[PDB]
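> here goes the first bit of my complex:
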Amino acid sequence: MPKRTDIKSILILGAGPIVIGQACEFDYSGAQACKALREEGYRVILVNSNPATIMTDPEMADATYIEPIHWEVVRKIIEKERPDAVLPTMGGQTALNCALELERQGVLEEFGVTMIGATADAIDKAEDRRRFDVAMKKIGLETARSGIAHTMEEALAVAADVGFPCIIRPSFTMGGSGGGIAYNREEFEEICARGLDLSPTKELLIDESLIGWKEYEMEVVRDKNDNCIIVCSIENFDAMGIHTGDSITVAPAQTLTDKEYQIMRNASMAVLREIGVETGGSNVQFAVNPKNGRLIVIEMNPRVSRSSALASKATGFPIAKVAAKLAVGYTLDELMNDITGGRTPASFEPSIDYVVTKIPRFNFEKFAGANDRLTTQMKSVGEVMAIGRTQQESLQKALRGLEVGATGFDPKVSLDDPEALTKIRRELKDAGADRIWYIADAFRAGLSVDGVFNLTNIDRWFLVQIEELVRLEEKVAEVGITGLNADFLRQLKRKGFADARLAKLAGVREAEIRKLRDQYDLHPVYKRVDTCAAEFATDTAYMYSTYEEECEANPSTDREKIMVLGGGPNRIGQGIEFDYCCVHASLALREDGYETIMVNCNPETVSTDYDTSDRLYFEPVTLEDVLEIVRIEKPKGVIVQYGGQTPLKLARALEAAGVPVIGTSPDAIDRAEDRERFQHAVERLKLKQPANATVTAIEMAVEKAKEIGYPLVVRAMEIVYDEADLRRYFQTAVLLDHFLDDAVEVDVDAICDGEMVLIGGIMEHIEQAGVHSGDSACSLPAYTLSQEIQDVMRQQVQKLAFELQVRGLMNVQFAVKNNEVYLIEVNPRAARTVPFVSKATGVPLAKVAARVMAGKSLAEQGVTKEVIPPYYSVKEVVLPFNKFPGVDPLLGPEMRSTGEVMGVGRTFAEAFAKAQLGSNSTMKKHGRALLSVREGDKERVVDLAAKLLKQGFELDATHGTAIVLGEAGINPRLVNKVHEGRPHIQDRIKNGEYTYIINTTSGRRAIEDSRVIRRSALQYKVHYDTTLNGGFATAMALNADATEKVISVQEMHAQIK
């Protein structure tokens, strides 16, 4: 019952790099599991390739491994650390799968490592779809009609029995990875092939469609004494057929009677018991036929999840924390409920006096040719959460915290468009990421609730509320600001209406609506999350805004407050990296004695965990929301630089409205951000910048272009090669810039206190300029750049720090061409590389800079010298192309990566190898390599082929490339391009002839025609490089062994002079 004496140490398996379907939720959880076991006197060991995690912070565990999440690598960690046990439930699918490999491979036996939390058998019973379904039969629960398939022939037989549309779900995957809905044999085939090969057990479960039934989820927790609680119930707004991760969802369940709810609850418990989870959490999913309440079990996830994280945030009950303790012997009765100050046990079922709404965040615009319809395979990249006293309020708040520019139900379609109803109809019937908005528009257009129900399958309980908000909006447009009397305004505010939305409808500035509320004494009150619906007092300040009577904010008078603005939902280019920064600002300043206040609404991160700050306002990061909090807190300062774009874009307005923004001023930021302003600064300082112009018309371009010279960077960024190439753009299609061809891109992170400049880290990217820094692998220290060249950069950054008056963090991007340093851009705020630099350099840049912003000089901190670690640190990214097959998996000036990994080695090659393997690369040290490069790479490709031949690779080459090789004495086996004959490249890729592919291209046309090589390599899991630099890096890594040695972060850090 109490803690376990047989277990002294514990290995916790991290989730790895951020990917669609497996995100920030795992850092929140992993961090919680570390925290919980460390509080209990346990030795904490963990592995996480993702450096941008709070869970990999050195002080969070005893032995922290930022190494590739590979069984062989872990094995080396086991060996070395000798863990008594291993906890595999805190790191998504990656941890479950790793744990089972290690089992399978006998590593657990070898080292007497005990599996805690969930057993290998429990895990399999849940993950093996065949096994799960049999399990249901055993406990008398119902599942839809389905069939297993291990082959395509097996699969069609199943498709024939269940009929179309059918749902496909691979075993051993989650987030809908590898699955989908098939409407015809064609889509059946494509999805089945993808699922078959992506499944770790090569099996698919194919089911009859329950499309449109209601979708529910329950978060369950169980202890060794068999005590069992339901932590949260969740009702999906989007019906069965749209993955829960890509659906709008609410807590608690809303349309089930108590009798149904108990059936569901009981089933949930039976599932856990049957599967075999006795010491921890699990999520159970169901489908309910709205017509007769028929309950169908769908699946269960034997670990923490994106729902468990949302559940924790929603209820205030910290699932992961509790589950960790429970894996070491604790029981629920013995654990205390955190937010009720421990006066109540953890053995209870939370009760919420409010409505929690989650809305997925998408990035379809980044992947233009991708199918943008929502399905069973997740496609969202982040999520927003909001709390309201009513569903309406909860929903609009969430819409306004989405960071999509919405202020609520903003219209997508105009009322005077004759085909408006057709577009609306299509959007409702076959949902895209904008459905929510189309729903309101249908009501604006006269469609009835029933009409909408019929098309969407969205419960009328929700539909009616949206319809009501529309009618209210109609009224505001009619009465104007004049009709906005105190009573009506209050009513609208209580429904969630944003001032901006009201201003728009009424035809006034939002500021005028805001002023109007003050007039009427209409400000929101803040209520607290307490897990028990106010039954018990709380000593925690976890709040949400609402238009009610009593306020529970009760802001201290006693202290000095610093507010930290988060970035809202994650999106591409706006990741966990900013959240790490935010967290760091709060942890540092609090430790420093300041009272910290976090403003954020992302349910997946550590920033929204109540232990992270003194006060947490779980709110939309908007001007309105923030202003109301400042109004009552009167903090000393507000940090706007750490949360990414979101807060950044509010700085000027905040300052204008009287907010004490500390650190680099909003004008300074804008000075940098401003193309005009900037180009001036660069000259003033006499720094080099690419040739640029600002054209309005085409023909002004051609000219100006002729003048700047091609290639040109057209700021949806493209690189136009020639004149003919520009119209091409122009048409299909303003900043014009000279593209720096064959240039080395560099990222420099620094701190400026007005007194000095601290160089955080100089990072040399592997991919050249033209490949977004966010998608580039990079090295620290620089692996090819000269001390001399770097000293130049160093000085150039210092010059810019002072000039812009940076106070805190800054990032500067350079390009080195022909031993000459050019300025790409200055980002006077925290950049996404910070956590990487912090980890490589052991210096907590976000903490230092926070202090600096708050008033402690660098001098004052004892942070004056630049740190060059003894080892090499390499960062590599993970790209979501596999989630959008129709997209060309090719690098470019636009960022598309979701996450990152870190590799540490004694040599760049070792570090690069570790980065590569951690990024899930399928590269091998044998086989055949395919070389198909462009002109500009032909010469340089010779050396690359030499290398590969030297590593034992055989070579294949496309015509032109073979020509040049041949001319240098290397004779690759020639391969035909698809138009050339058979077999061609695609047949070879498909047929497994290659273990490695190097394919570089240039030109819109060229790219377009070579697409098959890249799509093919991706589809068939062949490691590929789209840049010669990447090639060379990969070639070097071949001489390294990523499994040879391991090192802890602590060890890394101690090794520093």
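Here it is on my side, so go on. Numbers count the residues shown, from 1 in each chain, chains lettered A, B, ... in the order given.

> shouldn't residue A:266 be within a helix?
Yes - read with DSSP: H, G, I helix; E, B strand; the rest coil, residue A:266 is one of the residues of a helix.

> tell me how many other residues crowd it.
13 (other CB atoms under 10 Å). In short, each C-beta sits where N, CA and C put it, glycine included.

> before we move on, what about the one 10 residues further on?
Other residues lying near residue A:276 total 16 when counted by other CB under 10 Å.

> give the closest residue to it in space, chain neighbours not counted.
residue A:122 (3.6 Å; CB to CB, 6 or more residues apart in numbering).

> okay, and the one you found sits in which element?
Secondary structure assignment for residue A:122, by DSSP states H and E: helix A:120-127.

> just to revisit the earlier point, give the contact list for the residue nearest to residue A:276.
Contact partners of residue A:122, counting by CB atoms under 8 Å, 6 or more residues apart in numbering, are A:275-277, A:302.

> looking at these, which are in helices?
Among those, the members found in helices (DSSP state H) are residue A:275.

> buried set for the helix holding residue A:122?
Neighbour-count burial for helix A:120-127, counted by 16 or more other CB atoms under 10 Å, picks out A:120, A:122-127.

> need the contacts of residue A:122 in JSON lines (columns: distance to residue A:104).
Converted to JSON lines, the contacts of residue A:122 look like this (distance: CB to CB, whole Å):
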{"residue": "A:275", "distance to residue A:104": "20"}
{"residue": "A:276", "distance to residue A:104": "18"}
{"residue": "A:277", "distance to residue A:104": "20"}
{"residue": "A:302", "distance to residue A:104": "17"}
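
> coming back round to it: skip ahead from the helix holding residue A:122 and say which helix or strand is next.
Counting by DSSP H and E, the element after helix A:120-127 in chain order, helix or strand, is helix A:129-138.

> attach chain B to the model above:
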Amino acid sequence: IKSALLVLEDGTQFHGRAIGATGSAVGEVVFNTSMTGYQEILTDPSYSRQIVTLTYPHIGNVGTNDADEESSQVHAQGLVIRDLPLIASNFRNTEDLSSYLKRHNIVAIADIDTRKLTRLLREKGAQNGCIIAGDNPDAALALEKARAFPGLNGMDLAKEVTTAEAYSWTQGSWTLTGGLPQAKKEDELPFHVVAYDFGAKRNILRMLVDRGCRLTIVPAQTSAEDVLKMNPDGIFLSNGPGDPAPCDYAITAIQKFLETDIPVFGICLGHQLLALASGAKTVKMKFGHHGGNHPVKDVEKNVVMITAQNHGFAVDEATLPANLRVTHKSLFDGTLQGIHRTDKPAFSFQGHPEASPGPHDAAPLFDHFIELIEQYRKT
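Chain B added:
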């Protein structure tokens, strides 16, 4: 405009909208944390003279239906909620909440800060209040009624809800598939139990039938004598409203039964009674136990149950005779939850093993009762 107002004894006012019948309502105000089961809650007799406040904001999402009636009528004096949904959305729904309330002539108010209300109740304790729904509700007058309210302490409400005449009950539990079963014949039910109606919930009955019990429901004031004359396999003491203490007739009978070897099991009030009858004292709670997420530990087995609560009074364990053993305890506050007599086949539980609404976690409680009965039928 359909105004409603709620005023507490201390003058605290709550202005909102009328969702039920036009009129006034007065009673002791309570808050129930239950997210589902409002109907069951409404119709539970234990709520007699109480103004029920629900913490979960949206109340009436699934409308209403007859199977979800825990009694012949709505016993709550009033209903206080934050939000009345625009529609009821559930296949089991036979009537939206507003209509149903109006139908049962219940004064109800929505649109008020229920969480403010809850915290007041928690910190200062139970308070009487009044709701006025209608044209220009007079707050002074609501204050007046709320002040005039006599209070539930010392009030015997059991005699108020009890059945005039005694009846038989032979119907079991509802099923998704079958719904509410037809009433069974008597030669089907193996045992015969006499249940004292102190404001009994339909569920406990059904749950008794379920376990082979044919029931004879007798008026609250039934004498032991005419009871002992029915040759009862067992004797059941139902849940019910108000102070148990002022129930002399019950304590007397029960004491008589306890001179016997007939098995006795009581729930909620029954439980209190049984304790009083055994020489135990009852106390009025600051705010009570009203929710469906209450952790209760079975001290014997060291296990926890999630349970349905609904009581404003409790048994002081520090006054427990030595013949009464502590079987269960609340994990929330340490309050007494179950007792067994060391000398007789008598046990009782504070919470609601029958649930409806709520977790099924304490159902096994019925079992021990049945065991005892089988055993009694042995000797």
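
> the neighbour count of residue A:266 again, this time with chain B added?
For residue A:266, the count of nearby residues is 16 (other CB atoms under 10 Å in any protein chain shown).

> look up how far residue A:140 lies from it.
Per CB to CB, to the nearest Å, residue A:266 is found 11 Å from residue A:140.

> could you do residue A:709 as well?
Relative to residue A:140, residue A:709 is positioned 75 Å away (CB to CB).

> not counting its neighbours along the chain, what's nearest whichever residue of the stretch 851-1000 of chain A sits closest to chain B?
Chain B sits closest to residue A:883 of the stretch 851-1000 of chain A, with a gap of 33.9 Å, by CB to the nearest CB. Spatially, and ignoring its direct neighbours in sequence, residue A:883 is nearest to residue A:20 (5.0 Å; CB to CB, 6 or more residues apart in numbering or on different chains).

> correct me, but that neighbour touches residue A:878?
No - in this structure residue A:20 lies outside contact range of residue A:878 using CB atoms under 8 Å: 9.8 Å.

> just want to know which of the two has more residues nearby.
residue A:20 (26 against 23).

> which residues touch the more buried one?
A:175, A:378-381, A:880, A:883, A:898 (CB atoms under 8 Å, 6 or more residues apart in numbering or on different chains).

> try it again at 6 Å.
Shown in contact with residue A:20 (CB atoms under 6 Å, 6 or more residues apart in numbering or on different chains): A:378, A:381, A:880, A:883.

> would TSV of the residues you listed with secondary structure and distance to residue A:201 be doable?
Compiled in TSV, the contacts of residue A:20 are given as follows (DSSP: H, G, I helix; E, B strand; the rest coil; distance: CB to CB, whole Å):
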residue	secondary structure	distance to residue A:201
A:378	coil	20
A:381	coil	27
A:880	helix	24
A:883	helix	21
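
> tell me which two of those sit farthest apart.
A:378 and A:880 (10.5 Å; CB to CB).

> more crowded one of these two?
residue A:378 (26 against 23).
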